[PDB]
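Below sits a lone chain in structure tokens, taken as the form deposited in one PDB entry.
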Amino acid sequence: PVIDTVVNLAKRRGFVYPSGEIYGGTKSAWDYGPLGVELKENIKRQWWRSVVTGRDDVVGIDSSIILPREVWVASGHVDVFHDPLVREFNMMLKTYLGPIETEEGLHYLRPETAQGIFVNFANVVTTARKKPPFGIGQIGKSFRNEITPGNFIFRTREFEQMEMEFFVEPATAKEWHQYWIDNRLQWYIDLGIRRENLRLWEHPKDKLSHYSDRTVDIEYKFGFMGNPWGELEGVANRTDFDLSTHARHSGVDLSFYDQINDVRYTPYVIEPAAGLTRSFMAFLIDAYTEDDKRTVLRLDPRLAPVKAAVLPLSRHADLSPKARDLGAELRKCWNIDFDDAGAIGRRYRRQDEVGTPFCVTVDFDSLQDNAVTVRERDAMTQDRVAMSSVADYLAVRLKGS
């Protein structure tokens, strides 16, 4: 099973560790190791660039994990965010702030990042001077008391989301819903996930969250036992539910004033809400490849956690100086690895297994011509390149990182 093989790879090479492994570990709680944090950050950079900073109609925020409790009463989560089990059980995590543990310092950890955006809608309109159609994007931790946490990092109690609320004139919501479904689906494909392992699934009206009139899920073919498909991201039409309920509960006008047409209306909201940690899982699974056999993690070079590995042909004291000066130069621009242990052939394979797009070998000939050998991960091609031109050579091939 590819999924089991990929999970074991992730653990073995330090993409992830079980949180508190030495004490047993919380239920499917996971830490991200050296390779994992870089891959996770690279995914965040690509989402932020595509959804926020690369666009002229979206701005970002970073709201607090712990908001005033009334936020989650007004949003309705207090009332309906529960599941029956064996009695109804609310899935929000609780904490108590301040010196007294009275039900007065009670707060909820956010189960979604969306509400921190909604309650700031008027703030952002004011300081960013935005007019619908425009969006507010955010990446951060959310918390849910999942009853059956598992499937690796697919379903955890602590996870990270990448959510954007796109505020539009109500009569335009349907075409903007289609736009963002297509835009988000294509984001995964642009970053290397095979089109055939993705699909769209529309929620039946009885499977809609309390805030949505229509949700379309982007699903990935993870390879689970039974049904191998799993929700990767939800794109929902939340209409004016969220701004209306916070205006009603807070007493603050959250409508938008269209100065041009002197009209006041509450925008509708289209919301792409992706799972950072689930996308992490999907990119690894889809990249995994068993090509005289070879294991290759064929990650988009923009996502690969290590962009290049400097590998001296041997531990020889004459190779180290030139190789270490090169690594120091490349580290100014990218995350790179240095490895002189063992047969160079096994070191190539070690890098291929974690998706490193390029290996740079400093051999004995490098001391007479001042050039090195660059190996491409997928094709295993081999080009000889001037030491002073290696950074340029890699920059052209890592553009967008």
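Only residues modelled in both forms are compared. Basically, rigid core = biggest C-alpha set you can superpose within 1.5 Å across the two forms. Start at 1 and count along the sequence shown; that's the residue number.
Coordinates are absent for 4 to 9 residues of the deposited sequence placed between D291 and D292. According to the entry, the deposited sequence places 10 or more unmodelled residues between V86 and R87. Relative to its counterpart among 377-385 and 10-18, 377-385 has the higher mean temperature factor, C-alpha atoms as listed in the PDB entry. As recorded in the PDB entry, 361-369 is the stretch of 361-369 and 43-51 with the greater mean C-alpha temperature factor. For the set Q161, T295, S75, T239, the PDB entry puts the maximum C-alpha B factor at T295. Going by the entry's values, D206 shows the largest Cα B-factor out of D300, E233, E169, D206. Among the modelled residues of its chain, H107 has a C-alpha B-factor that falls in the middle third, as given in the PDB entry. Ranked within its chain, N261 lands in the highest third, by CA B factor from the PDB record. Among all modelled residues in this chain, the alpha-carbon of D56 has a temperature factor (C-alpha) in the lowest third. In the deposited entry, the Cα temperature factor of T245 sits in the middle third of values across the chain's modelled residues. Ranked within its chain, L35 lands in the lowest third, by CA B factor from the PDB record.
Form deposited in another entry: not shown, discussed below.
Just one residue from the list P99, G226, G251, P204 crosses the 2 Å line for C-alpha shift between this form and the one not shown on a rigid core fit, and it is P204. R214 is among the residues whose C-alpha shifts by 2 Å or more between this form and the one not shown once the rigid core is aligned. Superposition on the rigid core leaves 202-214 as the sole run of at least three consecutive shared residues whose Cα positions differ by 2 Å or more between this form and the one not shown.
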